[PDB]
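Worksheet: the structure to be examined is printed underneath.
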Number of protein chains: 4
Amino acid sequence: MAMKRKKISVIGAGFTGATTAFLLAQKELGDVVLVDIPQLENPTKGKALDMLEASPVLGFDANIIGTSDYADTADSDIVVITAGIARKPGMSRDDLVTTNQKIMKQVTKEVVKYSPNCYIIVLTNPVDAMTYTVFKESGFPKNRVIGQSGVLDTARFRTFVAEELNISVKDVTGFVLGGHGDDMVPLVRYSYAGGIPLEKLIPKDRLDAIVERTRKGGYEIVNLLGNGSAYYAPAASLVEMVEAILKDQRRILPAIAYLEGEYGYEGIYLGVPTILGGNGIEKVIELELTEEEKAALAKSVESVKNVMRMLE
Amino acid sequence: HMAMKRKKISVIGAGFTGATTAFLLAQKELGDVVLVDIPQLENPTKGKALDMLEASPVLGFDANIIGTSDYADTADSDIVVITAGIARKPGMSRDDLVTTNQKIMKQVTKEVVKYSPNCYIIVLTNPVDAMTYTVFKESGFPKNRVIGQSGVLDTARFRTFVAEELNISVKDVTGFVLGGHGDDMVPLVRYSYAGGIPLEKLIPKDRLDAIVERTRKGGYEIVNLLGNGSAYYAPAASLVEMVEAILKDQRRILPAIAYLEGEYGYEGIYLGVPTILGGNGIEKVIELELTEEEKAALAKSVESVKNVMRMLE
Amino acid sequence: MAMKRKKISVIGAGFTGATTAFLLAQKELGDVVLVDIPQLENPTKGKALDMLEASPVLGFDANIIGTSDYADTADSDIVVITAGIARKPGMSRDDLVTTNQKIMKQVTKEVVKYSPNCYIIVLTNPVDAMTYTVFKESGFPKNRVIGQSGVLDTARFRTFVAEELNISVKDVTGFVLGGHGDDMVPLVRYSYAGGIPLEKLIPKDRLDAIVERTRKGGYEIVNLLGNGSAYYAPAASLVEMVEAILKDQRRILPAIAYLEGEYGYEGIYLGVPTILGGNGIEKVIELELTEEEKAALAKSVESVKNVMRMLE
Amino acid sequence: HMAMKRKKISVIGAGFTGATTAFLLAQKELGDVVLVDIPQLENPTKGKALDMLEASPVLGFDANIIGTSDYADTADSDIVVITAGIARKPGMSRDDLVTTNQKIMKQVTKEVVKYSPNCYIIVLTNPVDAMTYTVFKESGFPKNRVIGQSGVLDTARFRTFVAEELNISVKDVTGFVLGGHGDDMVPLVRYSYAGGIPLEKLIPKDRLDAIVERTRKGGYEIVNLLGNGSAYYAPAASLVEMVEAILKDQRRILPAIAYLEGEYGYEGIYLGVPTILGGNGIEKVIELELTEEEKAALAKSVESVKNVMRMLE
Ligand SMILES: NC(=O)c1ccc[n+]([C@@H]2O[C@H](COP(=O)([O-])OP(=O)(O)OC[C@H]3O[C@@H](n4cnc5c(N)ncnc54)[C@H](O)[C@@H]3O)[C@@H](O)[C@H]2O)c1
Ligand SMILES: NC(=O)c1ccc[n+]([C@@H]2O[C@H](COP(=O)([O-])OP(=O)(O)OC[C@H]3O[C@@H](n4cnc5c(N)ncnc54)[C@H](O)[C@@H]3O)[C@@H](O)[C@H]2O)c1
Ligand SMILES: NC(=O)c1ccc[n+]([C@@H]2O[C@H](COP(=O)([O-])OP(=O)(O)OC[C@H]3O[C@@H](n4cnc5c(N)ncnc54)[C@H](O)[C@@H]3O)[C@@H](O)[C@H]2O)c1
Ligand SMILES: NC(=O)c1ccc[n+]([C@@H]2O[C@H](COP(=O)([O-])OP(=O)(O)OC[C@H]3O[C@@H](n4cnc5c(N)ncnc54)[C@H](O)[C@@H]3O)[C@@H](O)[C@H]2O)c1
């Protein structure tokens with residue numbers, strides 16, 4: 001009968017989790033619980049308390065707590081999972097999978113104990129196999145277990161196109177199927193500057209360079225930082241997705257969704273166009289792809305099946 | 001004829017406090033942001049700035065952010081926020097900390113005034129009373145143009161503790177802390193309310209004293225939890241409010257570190273005092289009628305500030 | 001939808017209603033149903049549609065409809081009542097109270113039929129007697145029936161003081177108890193610029209002229225417009241009250257609340273300091289008033305009862 | 001030394017569109033506002049202005065808002081928005097509306113360009129194409145400093161209908177409408193998408209044709225519902241996006257009414273075209289590669305506009 005705040009738990013209090021927590025609180029999307037392992041309890045509480053102390057200056061009404069106790073996550077409307085080791089150049093794709101999978105299983109189990117009705121958004125890489133792992137561990141219907149990937153890649157692409165044409169990023173669009181890197185399947189033909197196909201504004205070679213920079217866009221921020229991974233744009237990418245769900249916006253967003261025949265694939269998570277709203281993933285949109293695009297996506301899907309085969 | 005131009009804000013020092021501020025500034029479309037650090041940290045600075053910029057299509061702000069070690073990129077900044085400085089390492093004395101940071105302020109200020117002769121400057125670097133003073137003397141600028149941050153942060157921690165104690169919105173809680181930062185700050189409970197109701201009516205004294213002491217220790221509370229470095233979220237927010245007040249000439253009444261020429265009985269010092277902050281920087285130091293108890297607490301604060309100023313070379 | 005958007009119905013689609021609806025939508029507080037009499041159905045649909053067609057420009061996700069059918073208000077979380085008649089030429093004070101009483105009872109019956117669990121915020125003058133009418137007709141708990149006057153009166157006070165001192169309205173606080181007009185009790189003692197008592201910044205004579213201009217603030221706007229009363233600041237005042245409830249903010253705000261011993265009064269609605277949150281009025285706050293502040297609030301309360309004796 | 005100061009926007013015509021525009025600009029703190037109307041309506045204009053100001057403490061915005069019939073109060077405006085027009089009356093001919101509004105545009109611009117010789121001007125007043133033309137010729141400003149609004153509003157109505165058809169956020173629908181503000185406007189479905197997907201892939205042809213038509217009648221639909229008056233919320237919203245684009249030098253791509261000097265094969269007229277809008281007003285007309293079908297729908301639109309320009313005294 002009372003009007004209660006949405007409750008958002010963010011698991012992993014490293015740069016991306018914290019940046020997320022702070023953005024969610026500022027936008028008054030609800031109360032935030034920043035979670036990490038017992039050994040990291042003091043810094044998690046320090047970050048959460050520091051964020052809460054900005055509330056009177058920035059003028060947002062939101063609780064923020066830090067914790068290592070998953071009992072504090074009880075009755076979360078949304079949980080965002082950012083726990084685990086980041087993508088870096090020259091890393092063993094298998095080692096990544098092995099350590100993070102274990103983390104997704106231990107986290108998912110504690111999340112569903114205390115919030116059995118929550119919607120879950122996964123950042124942890126590799127995001128297809130880790131979102132798959134939260135899906136199967138959780139026992140949730142596919143509309144409640146969502147992965148982030150395509151929004152971040154479309155943000156880097158739009159940024160590079162906006163700088164290339166010297167126009168508002170507000171009026172530039174991109175469009176990606178599949179995951180990060182080699183797995184990325186962009187549709188330049190469905191990318192525009194104020195409604196005009198980029199393919200009529202930018203020579204093919206310069207467009208192919210922006211696409212390739214988008215593929216290595218993560219590695220680009222790693223190379224600059226020297227001793228971490230991107231966090232500003234990943235966190236902003238999670239917040240757009242959390243907002244679409246909490247405010248039932250019915251956004252069309254690229255997301256990592258479970259396929260049961262869409263694009264001709266079943267039993268997998270894949271970056272596809274999505275409607276995102278109050279029921280989480282409300283539709284996977286099936287485009288008419290050209291023979292070439294179909295081919296590039298069959299290629300992304302074999303990489304997906306390859307990483308799922310590294311799962312114990 | 002003059003085309004409409006974006007405001008320009010340079011943030012000197014691209015660690016916790018400067019990067020957090022820059023992102024907030026960018027999200028609020030207060031203008032374009034130049035994030036500046038030493039040559040040795042040029043690339044991490046470029047990474048933070050580019051990561052922030054790649055957030056812009058998602059969060060929906062129009063703002064340029066670049067990282068640089070070339071101060072020439074700061075040219076014609078309306079506002080410069082100085083977070084450049086060094087933390088006190090175990091085995092470094094008080095005196096060597098003041099001196100090291102002093103020397104950073106002199107070198108930073110020289111470059112800032114060279115490329116933006118008309119900018120306003122806000123200083124965070126600790127020890128912030130002494131370092132804001134160094135920036136003032138080095139800049140050659142009139143006092144209205146050189147402002148330190150500390151009060152807004154300390155009132156924010158105080159308003160957080162009172163909001164939690166009473167279970168009410170932080171929006172409806174008011175504090176006032178003058179003096180220095182850390183141990184030296186002077187929270188004034190007489191000028192502190194919830195919905196305009198004096199706090200001494202709503203919270204027993206023993207609890208209110210613990211809230212005052214907790215405010216005083218607020219910095220160390222966060223240092224003790226993080227196990228590397230100091231607070232940045234609330235510090236950054238406090239700088240953003242002060243930047244807003246100036247760029248949008250809002251004439252806020254808030255505590256700022258202001259150069260005194262007689263106010264409260266003191267001259268030739270930066271001290272945390274009530275301020276009108278607007279399009280011309282510190283427009284007024286407001287002189288309150290203090291009690292003997294407040295005056296005595298303020299004078300202890302001034303002794304400590306003069307102690308740190310004696311360590312300057 | 002598991003994450004349902006909040007639903008706000010605004011009864012009365014004139015100046016205050018329409019301006020309240022457009023602010024609510026812009027702030028994404030929920031979906032808005034704008035309601036007027038069957039005769040004004042089409043202008044109501046056209047105001048609603050016009051605001052909705054601004055949603056792509058201003059960037060808000062919100063439905064706005066106009067209707068003369070209360071079934072459209074079903075399961076509203078909040079109902080804002082602005083329904084009211086403009087006092088005709090050659091109509092007594094008695095018949096004005098009596099005409100708006102009949103409108104509040106008819107409106108309330110429709111409101112409870114379709115949203116028996118809603119919070120009601122009343123603006124309709126005379127706002128103490130009309131809030132009282134909605135409470136009694138509704139059978140709701142007292143925390144779920146609320147009136148607006150204090151916030152608007154504190155807003156005018158704050159504007160005048162901010163003009164006098166040449167400072168941000170953000171750093172000026174006021175406190176107005178009682179009713180509107182001669183009935184309203186501004187407490188200059190509880191009034192500050194940046195926490196500084198206004199009696200320290202403004203000579204008695206200027207502070208007195210500002211208290212009188214706060215008393216007359218409605219009249220002032222009426223006399224400038226020539227046809228109609230204020231709507232911008234009224235609407236803004238209702239939005240802050242709507243926001244304190246939907247986001248469970250627990251503001252301390254002057255609101256028209258039902259008294260059961262507070263200030264030594266019982267069985268009336270009166271402007272008092274209030275904690276406003278997710279349960280509506282969480283408590284009425286009792287200040288230590290001077291002998292003198294007590295006399296003015298008694299003068300006010302006598303004026304409120306005067307109007308209540310006019311209720312059929 | 002110059003202190004920081006607010007941007008300054010004068011709104012001419014304090015009716016439905018002006019007042020609504022004024023209240024958005026202030027809430028968003030885009031600058032101080034001066035609401036201008038005839039002397040007969042000075043007190044109602046001051047009443048709106050004061051009502052708005054009295055909301056500022058509640059909605060928490062720092063802006064001055066004033067009402068005036070004296071153009072001296074508009075001195076040194078960065079942006080001037082012109083909404084002034086005769087109130088349409090039962091039985092007023094088209095001649096008398098256009099002819100009267102032309103006179104108003106010439107009188108209003110004379111005063112505007114006298115007190116703000118360096119301002120950017122956005123024109124709403126109908127018939128908007130011919131009226132923007134009249135402000136341009138009377139101002140003696142370069143074409144980049146005199147901009148009309150019609151396409152933002154008309155693409156907003158299109159996006160609204162497509163969003164309702166598909167049940168998706170308006171944030172993810174794009175459209176593009178060229179030409180005039182009449183039945184003659186050209187909504188381009190080819191350059192219109194939902195999440196960058198072509199609308200022809202998602203909406204059947206009969207439905208899409210009905211949306212295009214509902215876009216052409218958009219203004220009329222609102223007139224017919226209101227009974228007395230035309231739309232003002234979406235119009236005010238459209239002016240605000242165009243003011244923001246200029247004040248914050250955003251370099252948006254939106255449809256605006258621009259002086260053509262060869263673009264699309266037309267010379268010496270104002271027409272709704274794809275614009276880059278920024279700190280120097282209209283920075284460029286973008287020439288789309290239209291189909292013969294589109295060229296012809298635009299050619300008609302141009303014919304409708306030249307017909308109005310014939311009636312100009
Ligand atoms: N989807 C994308 O596009 C995208 C982009 C950025 C990075 N990422 C992923 O998101 C994260 C970004 O790095 P970050 O800033 O979050 O890293 P970080 O190391 O700074 O923080 C992650 C946290 O996970 C914690 N953690 C480890 N095991 C845990 C467990 N069992 N339970 C709870 N917490 C545990 C770590 O202790 C650490 O604090 C990584 O997981 C990376 O794989 C993906
Ligand atoms: N006033 C307050 O309320 C308050 C609160 C927060 C922190 N602080 C102070 O703010 C300062 C910064 O805090 P932080 O957490 O950001 O520290 P940090 O080490 O994370 O960031 C400081 C940055 O300054 C840079 N820097 C050093 N010398 C420089 C120079 N010559 N030119 C340019 N950049 C230079 C360093 O390279 C570093 O990246 C400290 O002095 C801290 O004590 C004061
Ligand atoms: N409490 C305050 O601070 C405050 C301030 C301003 C306005 N008010 C009051 O607000 C009320 C409305 O103000 P306004 O300026 O919007 O007036 P208005 O005349 O523009 O609008 C009132 C609307 O109520 C409608 N209405 C009448 N009977 C109705 C019914 N049975 N069902 C539904 N709708 C019905 C009318 O048709 C009209 O559209 C008045 O009572 C006014 O005195 C009080
Ligand atoms: N271009 C578009 O997309 C678009 C959309 C909306 C409306 N319009 C046009 O906008 C104009 C304003 O519409 P509205 O709804 O605000 O009308 P309105 O009649 O409510 O307001 C117009 C105001 O202009 C004032 N005015 C008239 N002559 C003046 C003068 N010489 N100097 C100063 N003020 C003067 C009037 O007093 C009146 O208050 C009309 O011409 C309308 O047709 C065009």
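Residues in the structure tokens are named by chain (A, B, ... in the order shown) and by number from 1 within that chain; ligands are numbered from 1 in the order shown.
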
> Using only C-alpha atoms, which chain A residues lie at most 6 Å away from chain B, written as a count of residues only?
Replying inline: 18

>> What does the list of residues within 9 Å of ligand 4 look like if you count only C-alpha atoms and all ligand atoms, written as a ChimeraX atom specification?
In response: /D:12-20,36-41,45,69,82-88,97,101,103-108,123-129,148-154,180-181,219,229-236,238-239

What parts of stretch 72-210 of chain C does DSSP call strand (DSSP E)? I'd like the answer as a PDB file with N, CA and C atoms, in the first residue's frame.
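The resulting file, part.pdb, is reproduced below:
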ATOM      1  N   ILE C  78      -1.619   8.153  -7.040  1.00  0.00           N
ATOM      2  CA  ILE C  78      -1.878   9.507  -6.488  1.00  0.00           C
ATOM      3  C   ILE C  78      -2.968  10.142  -7.337  1.00  0.00           C
ATOM      4  N   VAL C  79      -3.857  10.909  -6.698  1.00  0.00           N
ATOM      5  CA  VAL C  79      -4.908  11.738  -7.354  1.00  0.00           C
ATOM      6  C   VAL C  79      -4.757  13.161  -6.820  1.00  0.00           C
ATOM      7  N   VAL C  80      -4.546  14.101  -7.739  1.00  0.00           N
ATOM      8  CA  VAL C  80      -4.409  15.546  -7.453  1.00  0.00           C
ATOM      9  C   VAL C  80      -5.737  16.197  -7.831  1.00  0.00           C
ATOM     10  N   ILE C  81      -6.436  16.808  -6.865  1.00  0.00           N
ATOM     11  CA  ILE C  81      -7.757  17.436  -7.152  1.00  0.00           C
ATOM     12  C   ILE C  81      -7.580  18.959  -7.286  1.00  0.00           C
ATOM     13  N   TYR C 119      -3.295   7.955  -2.718  1.00  0.00           N
ATOM     14  CA  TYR C 119      -3.023   9.175  -1.925  1.00  0.00           C
ATOM     15  C   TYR C 119      -3.700  10.348  -2.637  1.00  0.00           C
ATOM     16  N   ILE C 120      -4.414  11.226  -1.922  1.00  0.00           N
ATOM     17  CA  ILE C 120      -5.088  12.399  -2.541  1.00  0.00           C
ATOM     18  C   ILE C 120      -4.437  13.686  -2.038  1.00  0.00           C
ATOM     19  N   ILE C 121      -4.010  14.527  -2.986  1.00  0.00           N
ATOM     20  CA  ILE C 121      -3.486  15.895  -2.720  1.00  0.00           C
ATOM     21  C   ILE C 121      -4.516  16.862  -3.273  1.00  0.00           C
ATOM     22  N   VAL C 122      -5.091  17.667  -2.369  1.00  0.00           N
ATOM     23  CA  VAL C 122      -6.174  18.642  -2.670  1.00  0.00           C
ATOM     24  C   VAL C 122      -5.575  20.051  -2.795  1.00  0.00           C
ATOM     25  N   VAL C 145      -4.831  11.534   2.781  1.00  0.00           N
ATOM     26  CA  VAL C 145      -5.605  12.708   2.291  1.00  0.00           C
ATOM     27  C   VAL C 145      -4.898  13.967   2.786  1.00  0.00           C
ATOM     28  N   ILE C 146      -4.438  14.780   1.840  1.00  0.00           N
ATOM     29  CA  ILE C 146      -3.415  15.839   2.068  1.00  0.00           C
ATOM     30  C   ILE C 146      -3.819  17.068   1.272  1.00  0.00           C
ATOM     31  N   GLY C 147      -3.519  18.259   1.780  1.00  0.00           N
ATOM     32  CA  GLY C 147      -3.819  19.536   1.093  1.00  0.00           C
ATOM     33  C   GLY C 147      -2.539  20.328   0.893  1.00  0.00           C
ATOM     34  N   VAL C 172      17.405  30.041   0.616  1.00  0.00           N
ATOM     35  CA  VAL C 172      16.406  30.711   1.477  1.00  0.00           C
ATOM     36  C   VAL C 172      15.375  29.684   1.922  1.00  0.00           C
ATOM     37  N   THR C 173      15.074  29.610   3.218  1.00  0.00           N
ATOM     38  CA  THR C 173      13.977  28.787   3.768  1.00  0.00           C
ATOM     39  C   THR C 173      12.998  29.702   4.498  1.00  0.00           C
ATOM     40  N   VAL C 176       5.476  28.654   6.843  1.00  0.00           N
ATOM     41  CA  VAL C 176       4.122  29.238   6.861  1.00  0.00           C
ATOM     42  C   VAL C 176       3.144  28.174   7.344  1.00  0.00           C
ATOM     43  N   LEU C 177       2.483  28.463   8.478  1.00  0.00           N
ATOM     44  CA  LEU C 177       1.437  27.621   9.110  1.00  0.00           C
ATOM     45  C   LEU C 177       0.081  28.274   8.870  1.00  0.00           C
ATOM     46  N   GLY C 178      -1.005  27.535   9.123  1.00  0.00           N
ATOM     47  CA  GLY C 178      -2.386  28.052   9.096  1.00  0.00           C
ATOM     48  C   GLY C 178      -3.095  27.776   7.782  1.00  0.00           C
ATOM     49  N   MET C 184      -2.787  33.067   7.192  1.00  0.00           N
ATOM     50  CA  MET C 184      -1.508  32.331   7.085  1.00  0.00           C
ATOM     51  C   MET C 184      -0.565  32.964   8.096  1.00  0.00           C
ATOM     52  N   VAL C 185       0.216  32.128   8.775  1.00  0.00           N
ATOM     53  CA  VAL C 185       1.164  32.517   9.857  1.00  0.00           C
ATOM     54  C   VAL C 185       2.602  32.287   9.376  1.00  0.00           C
ATOM     55  N   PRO C 186       3.283  33.264   8.731  1.00  0.00           N
ATOM     56  CA  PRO C 186       4.718  33.159   8.469  1.00  0.00           C
ATOM     57  C   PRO C 186       5.500  33.298   9.782  1.00  0.00           C
ATOM     58  N   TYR C 192      15.455  31.602   7.186  1.00  0.00           N
ATOM     59  CA  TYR C 192      16.927  31.694   7.087  1.00  0.00           C
ATOM     60  C   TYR C 192      17.356  31.991   5.652  1.00  0.00           C
ATOM     61  N   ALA C 193      18.490  32.663   5.522  1.00  0.00           N
ATOM     62  CA  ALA C 193      19.271  32.699   4.275  1.00  0.00           C
ATOM     63  C   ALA C 193      20.602  32.011   4.544  1.00  0.00           C
ATOM     64  N   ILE C 196      21.290  31.497   8.071  1.00  0.00           N
ATOM     65  CA  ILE C 196      21.445  32.756   8.853  1.00  0.00           C
ATOM     66  C   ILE C 196      20.063  33.315   9.124  1.00  0.00           C
ATOM     67  N   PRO C 197      19.703  33.638  10.392  1.00  0.00           N
ATOM     68  CA  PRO C 197      18.363  34.108  10.716  1.00  0.00           C
ATOM     69  C   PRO C 197      18.076  35.380   9.924  1.00  0.00           C
TER      70      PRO C 197
END

>> Could you work out which residues of chain C fall inside 12 Å of chain A? Count only C-alpha atoms, and format the result as a ChimeraX atom specification.
In response: /C:1-7,27-31,57,59-63,75-78,115-119,141,143-144,170,242-251,276-282

Neighbours of ligand 1 at 6 Å or closer, counting only C-alpha atoms and all ligand atoms: which residues, as a PDB file with C-alpha atoms, in the first residue's frame?
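Full text of part_24.pdb as output:
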ATOM      1  CA  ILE A  11      27.768  -6.978  -7.044  1.00  0.00           C
ATOM      2  CA  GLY A  12      31.482  -6.087  -7.385  1.00  0.00           C
ATOM      3  CA  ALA A  13      32.630  -2.774  -5.844  1.00  0.00           C
ATOM      4  CA  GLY A  14      35.532  -2.247  -8.308  1.00  0.00           C
ATOM      5  CA  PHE A  15      35.656   0.727 -10.717  1.00  0.00           C
ATOM      6  CA  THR A  16      32.625  -0.259 -12.871  1.00  0.00           C
ATOM      7  CA  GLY A  17      30.370  -1.368  -9.942  1.00  0.00           C
ATOM      8  CA  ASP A  36      31.759  -7.484  -2.668  1.00  0.00           C
ATOM      9  CA  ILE A  37      33.648 -10.362  -0.858  1.00  0.00           C
ATOM     10  CA  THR A  82      30.104  -6.628 -12.326  1.00  0.00           C
ATOM     11  CA  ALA A  83      32.234  -9.137 -10.312  1.00  0.00           C
ATOM     12  CA  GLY A  84      35.203 -10.956 -11.994  1.00  0.00           C
ATOM     13  CA  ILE A  85      38.400 -10.363 -14.099  1.00  0.00           C
ATOM     14  CA  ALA A  86      38.337  -7.897 -17.103  1.00  0.00           C
ATOM     15  CA  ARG A  87      39.231  -8.422 -20.846  1.00  0.00           C
ATOM     16  CA  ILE A 103      32.166 -16.425  -9.518  1.00  0.00           C
ATOM     17  CA  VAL A 107      27.079 -14.946  -6.793  1.00  0.00           C
ATOM     18  CA  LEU A 123      28.578  -7.261 -17.217  1.00  0.00           C
ATOM     19  CA  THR A 124      31.171 -10.006 -16.322  1.00  0.00           C
ATOM     20  CA  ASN A 125      33.230 -11.098 -19.397  1.00  0.00           C
ATOM     21  CA  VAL A 127      29.419 -11.831 -21.250  1.00  0.00           C
ATOM     22  CA  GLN A 148      25.397  -5.926 -21.376  1.00  0.00           C
ATOM     23  CA  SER A 149      27.603  -5.642 -24.505  1.00  0.00           C
ATOM     24  CA  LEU A 152      28.894  -0.077 -24.877  1.00  0.00           C
ATOM     25  CA  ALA A 230      37.248   0.986 -18.941  1.00  0.00           C
ATOM     26  CA  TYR A 231      34.595   1.902 -16.281  1.00  0.00           C
ATOM     27  CA  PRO A 234      30.528   0.404 -19.161  1.00  0.00           C
TER      28      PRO A 234
END

> What residues in chain B have any atom no more than 12 Å from chain D when counting only C-alpha atoms, and can you write them as number ranges by chain?
Replying inline: B: 1-8, 28-32, 58, 60-64, 77-79, 117-120, 141-142, 144-145, 171, 243-252, 277-283

> Got a sec: who's within 7 Å of residue A:114, counting only C-alpha atoms, leaving out chain neighbours fewer than 4 positions off, as a list in words?
Replying inline: residues 71, 73, 74, 75 and 110 of chain A

>> What parts of stretch 117-300 of chain C does DSSP call alpha helix (DSSP H)? I'd like the answer as a ChimeraX atom specification.
In response: /C:127-138,150-165,204-215,217-225,232-246,291-300

So that I can check the surroundings of stretch 289-301 of chain B, please list as a JSON list (two decimals) with N, CA and C atoms, in the first residue's frame every protein, DNA and RNA residue that reaches within 7 Å of it, counting only C-alpha atoms and ignoring chain neighbours fewer than 5 positions away.
[["chain", "number", "residue", "atom", "x", "y", "z"],
["B", 179, "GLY", "N", 36.16, 27.62, 9.43],
["B", 179, "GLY", "CA", 37.49, 27.34, 10.00],
["B", 179, "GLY", "C", 38.40, 26.69, 8.98],
["B", 180, "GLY", "N", 39.16, 25.69, 9.44],
["B", 180, "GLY", "CA", 40.02, 24.82, 8.60],
["B", 180, "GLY", "C", 39.29, 23.56, 8.18],
["B", 184, "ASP", "N", 40.35, 20.91, 12.56],
["B", 184, "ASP", "CA", 40.31, 22.39, 12.77],
["B", 184, "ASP", "C", 38.93, 22.96, 12.44],
["B", 185, "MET", "N", 38.08, 22.20, 11.75],
["B", 185, "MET", "CA", 36.79, 22.72, 11.24],
["B", 185, "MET", "C", 35.92, 23.02, 12.45],
["B", 186, "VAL", "N", 34.99, 23.96, 12.30],
["B", 186, "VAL", "CA", 34.07, 24.48, 13.35],
["B", 186, "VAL", "C", 32.63, 24.33, 12.85]]

>> So the first atom is atom CA of residue B:190 and the second is atom CA of residue C:198; what is the distance between them in Å, to one decimal place?
In response: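 Between atom CA of residue B:190 and atom CA of residue C:198 the gap is 14.1 Å.
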